[PDB]
Amino acid sequence: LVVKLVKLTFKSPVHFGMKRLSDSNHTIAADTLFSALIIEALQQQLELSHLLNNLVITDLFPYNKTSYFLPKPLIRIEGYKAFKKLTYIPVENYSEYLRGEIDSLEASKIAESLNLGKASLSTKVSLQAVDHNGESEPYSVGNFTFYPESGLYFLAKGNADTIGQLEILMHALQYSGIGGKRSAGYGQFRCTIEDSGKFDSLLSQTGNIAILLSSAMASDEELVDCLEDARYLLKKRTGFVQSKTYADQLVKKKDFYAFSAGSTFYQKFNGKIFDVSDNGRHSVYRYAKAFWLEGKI
Amino acid sequence: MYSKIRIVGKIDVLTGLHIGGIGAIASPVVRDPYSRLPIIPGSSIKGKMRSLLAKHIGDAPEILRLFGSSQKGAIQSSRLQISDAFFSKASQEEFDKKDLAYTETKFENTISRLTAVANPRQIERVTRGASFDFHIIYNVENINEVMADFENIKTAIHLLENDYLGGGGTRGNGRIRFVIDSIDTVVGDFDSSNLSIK
Amino acid sequence: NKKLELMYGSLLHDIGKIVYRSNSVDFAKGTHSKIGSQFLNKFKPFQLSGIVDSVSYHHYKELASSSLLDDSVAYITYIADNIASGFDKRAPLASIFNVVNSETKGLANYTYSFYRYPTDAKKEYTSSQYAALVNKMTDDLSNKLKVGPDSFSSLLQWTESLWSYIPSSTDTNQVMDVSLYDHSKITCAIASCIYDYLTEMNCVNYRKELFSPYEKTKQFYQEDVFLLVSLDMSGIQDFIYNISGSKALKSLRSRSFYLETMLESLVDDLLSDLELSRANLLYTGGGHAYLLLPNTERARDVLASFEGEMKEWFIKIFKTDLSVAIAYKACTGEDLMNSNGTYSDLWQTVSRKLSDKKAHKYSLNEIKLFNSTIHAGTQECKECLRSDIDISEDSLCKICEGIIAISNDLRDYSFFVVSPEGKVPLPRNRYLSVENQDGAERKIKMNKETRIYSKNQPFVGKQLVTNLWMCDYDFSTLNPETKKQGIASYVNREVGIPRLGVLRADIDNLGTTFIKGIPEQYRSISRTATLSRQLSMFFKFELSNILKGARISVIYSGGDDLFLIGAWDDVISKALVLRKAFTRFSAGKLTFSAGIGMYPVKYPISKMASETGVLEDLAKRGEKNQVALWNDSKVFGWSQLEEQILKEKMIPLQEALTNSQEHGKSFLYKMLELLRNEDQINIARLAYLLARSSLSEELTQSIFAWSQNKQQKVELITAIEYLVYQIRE
Ligand SMILES: Nc1ncnc2c1ncn2[C@@H]1O[C@H](COP(=O)(O)OP(=O)(O)NP(=O)(O)O)[C@@H](O)[C@H]1O
Ligand SMILES: [Mn+2]
Ligand SMILES: [Mn+2]
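Per the PDB record, this model was obtained through cryo-EM at a reported resolution of 3.05 Å.

**Q** Please set out the overall build of chain B residue by residue, giving values where relevant.
**A** Broken down by element type, chain B carries four helices and eight strands. Along chain B, helices and strands appear, N-terminal first, in the series β-β-α-α-β-β-α-β-β-β-α-β. By its C-alpha atoms, chain B is 60 × 45 × 25 Å across when sized along the principal axes. For chain B, with 198 residues in total, the buried portion stands at 54%. Total accessible area on chain B is roughly 9100 Å²; 50% of this is exposed by carbon and sulfur atoms. Here chain B holds 25 positive side-chain charges and 23 negative ones, and the gap between their average locations is 7 Å.

**Q** Run through the site of ligand 1, naming residues and quoting values.
**A** Residues and elements named next belong to chain C. Ligand 1 sits among 16 residues. The nearest are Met233, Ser234, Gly235, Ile236 and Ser256. Within the backbone of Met233, an N or O atom sits 2.9 Å from an oxygen atom of ligand 1. Every element with two or more residues in the shell around ligand 1 is listed here: β1 (224–234), α13 (236–241) and α14 (248–273). Tallying contributions element by element places α13 first for the shell around ligand 1, with four residues.

**Q** Residue-level account of the interface of chain C and chain A, with values.
**A** With 36 residues of chain C in contact, the opposing surface of chain A contributes 33 residues. Between chain C and chain A the total buried area reaches about 3100 Å² when both faces are included, carbon and sulfur atoms providing 51% of it. Taken together, chain C and chain A are joined by four salt bridges. Close ionic contact of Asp356 of chain C with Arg231 of chain A constitutes a salt bridge, the shortest N to O distance being 2.9 Å. Linking chain C with chain A are 12 residue pairs in polar contact, by the criterion used here. Of all the secondary-structure elements, those providing two or more residues to the side of chain C that touches chain A are α17 (343–359), α18 (364–370) and α25 (605–619) of chain C.

**Q** Go over the nonpolar core, please, and point to the residues and values.
**A** Residues and elements named next belong to chain C. Formed by 79 residues in total, the largest nonpolar core has its most connected members in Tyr258, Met262, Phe314, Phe318 and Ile565. The greatest single-element share of this core, amounting to 12 residues, is contributed by α14. When residues no more than four places from it in sequence are discounted, the contact partners of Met262 are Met233, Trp313, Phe314, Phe318, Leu322 and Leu426. Of all hydrophobic cores here, the second largest spans 77 residues; its members include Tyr522, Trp638, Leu653 and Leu675.

**Q** Break down helix α20 (residues 437–446) of chain C for me, citing the residues and quoting the values.
**A** Residues and elements named next belong to chain C. If you check which residues of α20 are buried, you get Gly439, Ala440, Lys443 and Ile444. Burial along α20 is one-sided: seen end-on, the buried residues are contained in an arc of 130°. Opposite its buried face, α20 presents the exposed residues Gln437, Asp438, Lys445 and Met446, each directed more than 90 degrees away. Close packing links the buried residues of α20 with β7 (415–419), β9 (430–435) and β10 (451–455).

**Q** Which residues make up the packing of aromatic side chains, and what values go with them?
**A** Considering all chains together, one arrives at 73 aromatic pairs over all chains under this definition. Aromatic pair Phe475 of chain C and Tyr490 of chain C: ring centres 6.4 Å apart, planes at 50°, arrangement tilted. Here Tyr490 of chain C lies in the loop between α21 (480–483) and β12 (500–507) and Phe475 of chain C lies in the loop between β11 (465–468) and α21, a separation of 15 residues in the sequence. Clustering of aromatic rings is evident, with ring pairs tying together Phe97, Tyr112, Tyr115, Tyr117, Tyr165, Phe538, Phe539, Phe582, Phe585, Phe592 and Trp638 of chain C. Just above the ring of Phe291 of chain A sits the side chain of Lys157 of chain A; from NZ or CZ to the centre is 5.8 Å. If you follow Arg584 of chain C out to its NZ or CZ, it ends over the ring of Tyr117 of chain C, 4.7 Å from the centre.

**Q** Break down the coordination of the manganese ion (ligand 2) for me, with residues and values.
**A** Residue and element names in this part refer to chain C. Bound to the manganese ion (ligand 2) on the protein side are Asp506 (OD), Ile507 (O), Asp560 (OD) and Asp560 (OD), at distances that span 2.3 to 2.5 Å. In this model, the manganese ion (ligand 2) sits 4.0 Å from the manganese ion (ligand 3), the two metals being bridged by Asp506. Of the two residues, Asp506 sits in strand β12 while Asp560 sits in the loop between β13 (552–556) and β14 (563–567), which places them 54 residues apart along the sequence. Residue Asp506 is classed as buried on the basis of its relative accessible area of 10%.

**Q** Run through the pattern of salt bridges, naming residues and quoting values.
**A** All names here are of chain B. Scanning the entire structure with this criterion turns up 61 salt bridges over all chains. With a closest N to O distance of 2.9 Å, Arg125 and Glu104 form a salt bridge. Of this pair, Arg125 sits in strand β6 (residues 121–126) while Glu104 sits in strand β5 (residues 103–108), and the two are 21 residues apart along the sequence.

**Q** Please give an account of helix α15 (residues 297–318) of chain C that cites residues and values.
**A** Residues and elements named next belong to chain C. Here α15 is 22 residues long and its end C-alpha atoms lie 31 Å apart, about the 32 Å a rise of 1.5 Å per residue gives. Those residues of α15 that sit buried are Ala299, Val302, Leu303, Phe306, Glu307, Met310, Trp313, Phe314, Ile315, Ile317 and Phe318. Downstream of α15 by a residue or two, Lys319 has a phi angle that is positive, lying close to 55°.

**Q** Explain the sheet that holds strand β16 (residues 292–295) of chain A to me, using residue names and the numbers behind them.
**A** All names here are of chain A. Taken together, the three strands give an open sheet; going across it, the order is β13-β10-β16, and neighbouring strands pair in antiparallel fashion. With one partner strand each, in any of the chains shown, β13 (264–265) and β16 form the two edges of the open sheet. Examined bridge by bridge, strand β10 (residues 209–212) and β16 share four bridges and lie antiparallel to one another. If you follow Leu212 over to β16, its bridge partner there is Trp292.

**Q** Would you mind going over the interface of chain B and chain A in detail, with residue names and values included?
**A** Opposite the 30 residues of chain B that make contact, chain A presents 31 residues. In total, chain B and chain A occlude about 2400 Å² of area from one another, counting both sides; carbon and sulfur atoms represent 56% of this. It is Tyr34, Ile75 and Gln81 of chain B in chain B that bury the most area against chain A; as a group they hold 24% of the surface buried on that side. Taken together, the links from chain B to chain A amount to one salt bridge.

**Q** Talk me through a nonpolar patch on the surface; I want residue IDs and the actual numbers.
**A** Taken together, the side chains of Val125, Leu127 and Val130 of chain A define a hydrophobic patch exposed on the protein surface, amounting to about 250 Å² of accessible area. Here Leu127 of chain A lies in the loop between β6 (118–124) and α6 (128–131).

**Q** Could you give me a rundown of the state of the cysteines, with the residues and numbers involved?
**A** Residues and elements named next belong to chain C. Following the criterion strictly, the structure yields one disulfide over all chains and no others. A disulfide bridge connects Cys384 with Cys397, and the sulfur atoms are separated by 2.0 Å. Linking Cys384 in the loop between α18 and β5 (391–392) with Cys397 in strand β6 (residues 396–397), this pair joins segments that are 13 residues apart in sequence. On the basis of relative accessible area, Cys384 is assigned to the buried category, the value being 10%. The structure places no disulfide on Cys400, whose sulfur is separated from the nearest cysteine sulfur, that of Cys381, by 4.4 Å. The class of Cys400 is buried, set by a relative accessible area of 0%.

Conventions adopted
Residues numbered from 1 in each chain as written, not as in the entry; some residues may be left out. Chains lettered and ligands numbered in written order. Part of a larger assembly, values for the part shown. Heavy atoms only, no water. Helix = DSSP H or I, 4+ residues; strand = E, 2+ residues; numbered from the N terminus. Buried < 20%, exposed > 50% of the residue type's maximum accessible area, 1.4 Å probe, protein only. Areas by Shrake-Rupley, 256 points an atom, 1.4 Å probe, with all protein chains shown as cover. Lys, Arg positive; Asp, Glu negative; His and termini not counted. Charge placed at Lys NZ, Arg CZ, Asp CG, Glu CD. Near = heavy atom within 4 Å. Polar contact = N/O pair within 3.5 Å; in protein donor to acceptor, adjacent residues only side chain to side chain. Contact = heavy atoms within 4.5 Å. Buried area = accessible area lost by both parts, 1.4 Å probe. Salt bridge = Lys/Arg side-chain N within 4 Å of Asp/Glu carboxyl O. Core = buried A, V, L, I, M, F, W, Y, C linked by side-chain atoms within 4.5 Å. Arc of directions from axis to C-beta. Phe/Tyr/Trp six-rings, centres within 6.5 Å; stacked < 30°, edge-to-face > 60°. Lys NZ or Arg CZ within 6 Å of the ring centre and 35° of its normal. Donors = N, O, S within 2.8 Å, 3.2 Å for Na, K, Ca; no water. Expected span 1.5 Å × (residues − 1). Pairing = 2+ DSSP bridges. Patch = residues over 30% accessible without salt bridge, like charges linked within 9 Å, V, L, I, M, F, W, Y side chains within 5 Å. Disulfide = S-S within 2.5 Å.

Here you go:
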């Protein structure tokens, strides 16, 4: 389908948490962005059919000046700690990395050439108890401040109406903000949706190996044929349900284990919008569809 | 449908503002990690407006629906998304001329009641001429509660102008004055030509 | 019990070298093997035929005129010596680092004296010292030692306590870095594998299989006889350091210790299934363990079942939080001796198979059952943040509740008993508890197949304990008042900023040191195993002595890395002391980089370890021999921080400001403001500030000179900042 590149330039620090408020991550998986889009769609009274059935997004990935970073393929490298610590590889160097042609020095240089932001930890207080004859609670919020030319990007696959709906949702999401403290000043961004030229070239290529770009997960039927000779990384996608309608009290979603971006499979699998709710008033959607970027190993 | 109102303007400092947390500083202010510019956290603006609005009203439903709630049964999404107020480019250029530092060290002491000896202290404060670009998003979840909420926002901002932002503003610090550059509805059909702050 | 005799015989086969060096009583001019037979025959329990023939007939000339039973294990010991090994009576044990990285940093002459440090000072082992060693061996063997299937583990530790610094070889033509303990342990490890391999083939007569034509002695080195097995725990960093709560600081040491004992338990399970002692365990460090197993079909079936079982248990208890990957590669005798040059390739392929195992960690069923969750937790533990496991009161998961219970017992006791009833779960339906000597003895008496571990203990009488070298330094336990608040007591200071300091050290290019540091002619299974043991014994044991007297708690040392939490200045000072001592221990040839952080109490534990891990990564950039102090801007060299920042700059400022009535803290702050900007005017204002600062005239010129030159002003800023933190009421 058509592939539109969405570039997110962030006005303020963003709090992307892994398991704690103190955590300060520089990216969010596709499940985190997709839940942001579903929340935005339900707010704007939009239909969820396009997001749930036809939209295939990828993880938010770092990008800085004159470079677009893709996740490190989990391929066997035929100085090995340079690739172990490497996380994101520029698109211009992505085709090279799959074939080889990357020394330990080059990978170390690539990792240091990621000029994506700087993490920190702001410490705040809760004077709610102070009024009630108590003491302030100093809590820490970990936030990430992107550099002026840096930010996150993600590609979107869909029809004309699915992409057009995502253009509306991304415009509304600029002001809702992505992150974990968006109501306390953490997560504002401006996004531009443009047809991807270089990325369409990278997605047009067809190699023997397939590389995940989004946090995905195969259904039971697809996991039978895809796991053979696969190199992946199961990530525990956890959290609490963010909704006023789901329950009277905030409850956690069912633990969902999804493959990390960059996992390489010799058999492509189409993921699913898994349901991680437990008898809640509505079904909580955890995105696990697969955005495949084939490559030659 | 759902609407979002973007209030953007200036927070002019009227007296040295210290919101506590580059190197070793005695009671440093909170700064942007990258640019090392003093900032006013959105949680500090949100907390001070919530504190002043709670005193004005009297948690109350008006405060809970405006600044968010997480209590059992009544979970209200925060309509006010007060972003971090970053040091403006205009005040950076204005402070570059005069070679004036963005922040100043204020020296005080504490004369003991028992011994009448002065124990010195230092708190860093953002200099008076500073201005911070504030960016507030009000989510119009109800088209009927927007006028009442924007009345509450104006009341909380009016209280904040007569009060201090973060720091020991009872002893002078923190005094600020809001200026609204524009109030434009970025998302949705709601109109804010009638809506105003201050 | 022919296996048991061989294990006793291979470990004590070169005991005659010690007695021959002493030349104390009845020196019959015979071979060290004959002396060993004479010495061991003096004790009835060790007078078994298998042990004595192995000790006396482990060389070619002895075996040519052996006249043995043709099935005796002396042939197996002879091969084990040839694989392990492949005159000056009073010679010191040359440090292994004399050979490490000799291509790049040259050859050293550092040798040990009779933990111990190499000196590089020419020295000899006095024969009276060897005589005292022989006297102590006689006392241990006669009274405190016995021969039995469960008593060899005590013998292996007994050899470790004594022979760890005795040279195994004294031939002056070849360098002697392998200690007698290392060569005997590797000989016993290889002999155990060869015995199993020959049993699997059901070869009735050993001599024609191994030694008789002498051409099948070379052929046996060409046979795939051993397995190089590496089992590596994953998720250790996230398990231990990613915790929350006020109890996180107290329980941090317990979480790391739990993984240490779990890894030891995993190895002891693998060795107990193989009927092998700890001698086959080449190394066990930070979540890692290398073993040398026989190439028998039985061993491969044991490994496959053990790997599948530990996956079942780790999923049962920890799911994806913790896991173990096991990889094995068949290697020959010539692989271990490096005769063909394929020794390093063998280790690279084993780790390559391990990395392949780590990628495809889980299978079809395990992945599906991960996503087959019936009930959302709706309740989580404060520390582990786990909802799938049952959470009791105090909002703690069952594992972390046991971890907290292990705390307040780890400090007091030194015995970790793996038993059917305990506090934290362990594989094989067992649990781990920390008890005193009486409590541990009770537990082992009640129910068999119960293991007991002793921490940093000297060798003691006959018992089923296993010696574990663990760094348990904790300054708070010294004072009962500070024992209540373990690490948070270091925040309490009369003067100085209360902030804690976190030190994360890591040796540079340790993997490159093992693969490329040892030259081809000096690479072997025994030479490498010695290097693993010296590095392990430095972190596990020597770290406690280095950080003595400092307000520092050792979360982990383990092989290559380090984690300490303590007073911010004590951590910095002991980081420099540890760097200097590490240079002495390694005699150069190995540098480590460290990140040092300044975090208050109640700072997130995960953020304390993560931000310091980022700093260590910054120090790992470039030539890697750097320390990243506090901010990422202060990535100094080790000599630069110790000498230029502190002694050359910070100390003159502290002495000058102390001499005045007030300890600065106002000139220092004004100095920092004028040093933060790059303006030409701020230099002039700094000149005026120094002139009015009312200190010595030659110091103001020095401070002005320091601020002038880049890479020297940042040292001045760090000197001022260190001084400012040193004085905070
Ligand atoms: N008991 C322990 N306590 C603290 N740190 C430990 C302990 N054991 C090992 N470590 C350290 O943590 C590392 C293991 O963490 P782990 O999460 O397994 O990462 P890794 O070494 O990159 N292995 P992997 O996750 O499989 O790629 C070791 O290399 C040590 O640096
Ligand atoms: Mn290392
Ligand atoms: Mn390490």
